[PDB]
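Listed next as structure tokens is one chain, alone, in the form deposited in one PDB entry.
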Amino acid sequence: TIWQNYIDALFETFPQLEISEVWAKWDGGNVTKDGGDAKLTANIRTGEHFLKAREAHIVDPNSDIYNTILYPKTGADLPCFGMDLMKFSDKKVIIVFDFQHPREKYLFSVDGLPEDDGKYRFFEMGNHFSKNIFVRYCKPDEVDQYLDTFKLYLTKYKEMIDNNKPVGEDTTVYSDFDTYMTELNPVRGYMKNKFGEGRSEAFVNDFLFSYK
């Protein structure tokens, strides 16, 4: 996968996050002699200071998408750390990552990180996305140009986690957030095409954004 260095950086920063469940291993897309050409792996990880990290990785002949959110334990008003690393074709990649605060309409920021006040195709800036939302468009062979920046975001996130050491397990903290992410989101339709209506619905509601 072109995302392997991002994935390794994430779990180098947070080595406590171990796989606790494989929620799905699915084949879909066009069926050939070998089976479906689209593959989904959906993992749940757990570990010190986190409620869960949920990691979805979808790969087919043209695309490679890694959608992952880290949900910290509650009690410290911490944001989640979210990423949507999207290769759509051999020419087109979009990288998104951000601190996603669970409180509706609260503008979160971190001093010293890149700032972006632009407006994007889906979602509402400033509402569960921060002043430092990082969105870049590039080609597949260029993605690691932004790796050092992703590593800075991870460094600041680990500082927040380690400085607070949250122990709460109140999943309702994330209900507004998971509801917002569900409504606003191109995922559902793409998954329905490749994997079918029922599998798409369960993926969005019971795996990606299950704290609604």
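We call the rigid core the largest set of C-alpha positions that still match within 1.5 Å between the two forms. Residues carry their position along the shown sequence, with the first being 1.
A second form of this protein, the form deposited in another entry, is not displayed here; the remarks below concern that form.
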{"item": "CA of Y137, rigid core aligned, shift of 2 Å or more between this form and the one not shown", "value": "no"}
{"item": "Large Cα shift (2 Å or above) at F108 between this form and the one not shown, core-fitted", "value": "no"}
{"item": "Sense of CA distance change between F122 and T149 in that other deposited form, threshold 3 Å", "value": "closer"}
{"item": "Comparison of CA distance in that other deposited form with shown form for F122, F203, at least 3 Å", "value": "farther"}
